[PDB]
């Protein structure tokens, strides 16, 4: 790392102007334009709310253009002139006026710099806290509703009224519909944001009410040091959009043939409300749009889902979007990692004991009826009600076996030579692992017996209050007895991150002589 004093200046301010490349190859470098420097310099000379008007024009509606001295790109010749005439224009007059200003007519490289400075730029969005702060800001006024703020920002195209409108409980993240470039009359996310966000912030700032507003300068949203200063709400209430607290995820077959696939598992009740809280975003799971998975993911798979079948969509050990997948990742947490890194949970075929945790007999419907497909042709409401009851029927372990079955100490001296036998704080470690698990819901639901966690070290043998010796399958079943101990014992202390420069071979046994 280069000394802190020679790392150079960075801005979140920099606009790379290269729009001309839309008309061919460039003779010279793209021009680097420090936006915040310019708007601050103008806020001084421009007296009215005309600060941005100096360089941005309005359309026939009044929506400010995000283009420089123009409403639309046109001729490679018209644009080259719009820039030099207005850019050098203003620099020239200001220089006559004795003001510090930008590059003048002959100073080509100075605008066309091949070696501009470093960006400190950073992306921004509305996480749970920031979103709630807008949901709750009385300055953003309720729109088409007695109290709900949503219509101020969210909308669908009513292909009928020919108008964009706030449909209640249809609101979805800007990314669902706004992408990298613009499709048709639909802006890119970049323009979409810059339009709505900055326009509203400026309205509030300008308003008689003098209420707090949002940033307008580039660095105010995009500088990392500026983002750190946003106040954070650590209590963000649930985001209410009409979603189910409980849901039946079903083996829907594609509206193709009925190829006579039916299904091989009982259905799955899904606790939606619990997963909302444990997730940063809806889009994490609803990765295209907020809809439902079986729209695009069916038993046999459909074009609209790139044929990723529903089994794949719910199990990919590889994928954060899938049930088992995400869970496979949650298990990488230090408290879980000690058993689970040793079990290799995402790297072997998932045990059949775990299938029934999700795939359970639904509660509140006749068994025959469920095979008959009863849940498939049934109100959204009957499914909601059935899922809630199914979820509520669910068992849960807390704690493990009773201490009298868990020896307090275990001496391992089968190998004792350079070291004395290691005295294993057996019961203490179990208690602490149970303690580390806490009241974690993933743990408490997927650990189906009180004895389950014993397989976190006593693997490959039948679940038992009396497991076999390690030397059973280890020695002369790959690692030897010593490496088995060393790999499992140090393995977990490492993954659990409880000890580094504090490591002594003395921890688990005394050296002799």
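Numbering follows the first chain given and starts at 1.
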I'd like to know the size of any gap between residue 466 and residue 467, counted in deposited residues with no coordinates: none, 1 to 3, 4 to 9, or 10 or more. none
Where residue 499 meets residue 500 in the shown sequence, the number of deposited residues left unmodelled: 1 to 3
Comparing mean C-alpha B factor in the record for 214-222 and 157-165, the higher one is 157-165
Hey, which bit's got the bigger mean C-alpha B factor in the entry, 47-55 or 443-451? 47-55
Checking the entry, which one of 115, 133, 178, 241 has the top C-alpha B factor? 115
Check the PDB entry and point out which of 142, 334, 413, 438 has the largest C-alpha temperature factor. 142
Residue 478 by Cα B-factor - lowest, middle or highest third of the modelled chain: highest
Hey, what third does residue 489 fall into on Cα B-factor, ranked over its chain? lowest
Chain-relative CA temperature factor third for residue 185: highest
Where does the C-alpha B-factor of residue 63 rank in its chain, lowest, middle or highest third? highest
Is the Cα B-factor recorded for residue 306 in the lowest, middle or highest third of its chain? middle
